[PDB]
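As structure tokens, one chain now follows by itself in the form deposited in one PDB entry.
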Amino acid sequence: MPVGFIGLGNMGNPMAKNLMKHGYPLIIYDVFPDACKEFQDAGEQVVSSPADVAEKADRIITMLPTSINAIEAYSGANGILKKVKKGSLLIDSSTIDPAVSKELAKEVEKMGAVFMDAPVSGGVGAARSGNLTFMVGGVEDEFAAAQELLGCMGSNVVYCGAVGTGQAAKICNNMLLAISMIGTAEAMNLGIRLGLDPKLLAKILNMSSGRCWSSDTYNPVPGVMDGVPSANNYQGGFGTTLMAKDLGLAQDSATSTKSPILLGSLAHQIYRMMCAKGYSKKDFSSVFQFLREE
């Protein structure tokens, strides 16, 4: 029983590898043939199009960088829908607009197949270890089937509701993350400028009502925590460009649903600014470096 995998970037590659570690035969496609060679050298079937993946696999995982790439992989000239068979399970782990997930779902449904959005949180490390969180939207009858596949690539797989709810949960999490990370940077910087030792203030934040994941798990001030990007000049981690993309999705959804987001809008514009100022390739926690005045 082969599984299709489309998109083998910094996330898709380790995700696919974890499926192979669980004994799944794979049918592979990426627009970059060089990203496929690694898997071909190891007995996995590499094909020429997403349609060709659907021709040979009744379960497919798509992992793509953008809304546009995702719709191209499904509705494009050689997209999955051109050759998708009845009763096929299609799981999109791309992070995209909830509304686009819904539109995609309506299209696969016309073909008598099932679509589920399952965007991931965790990053390259969790992708490699198989410790990702999947936030899953779609018909709940199909969740159990999906969980069998996703459980091989992630440690938590959560049913969020109907199609697009996975995207919605992920987008809302990351918006709150950005707000709190910037908040942490702002409070730490103010604290230091007020004459506080950063390590002491982190300690106070982390035993008080200010405690958050940003401050206790991913502190943006160099020297406060080991093993976080601020320890290493903001290398790796979760890229500022990626954070800005996610906040763009939050912003678009907030306008669409007429939800007021004062802090979320500002977080978005701040990370947008950072993209234009040389932070695009730095971990998003670099906002502290953006704020602080040496």
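Residue positions are given as counts along the sequence shown, with the first one as 1.
The same protein also exists as the form solved in complex with a small molecule; that form is not shown, yet it is the one meant from here on.
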Which of 204, 124, 158, 172 has a heavy atom within 4.5 Å of the small molecule in the bound PDB entry? 124
Residue 248 near the small molecule in the bound PDB entry, any heavy atom under 4.5 Å? no
Mark residue 237 yes when one of its heavy atoms lies within 4.5 Å of a heavy atom of the small molecule in the bound PDB entry, and no otherwise. yes
Contact test in the bound PDB entry: residue 30 vs the small molecule, heavy atoms, 4.5 Å: yes
Is there a heavy atom of residue 60 no more than 4.5 Å from a heavy atom of the small molecule in the bound PDB entry? no
Looking at heavy atoms inside 4.5 Å, which stretch does the small molecule contact in the bound PDB entry, given the options 193-201, 102-110, 147-155, 89-97? 89-97
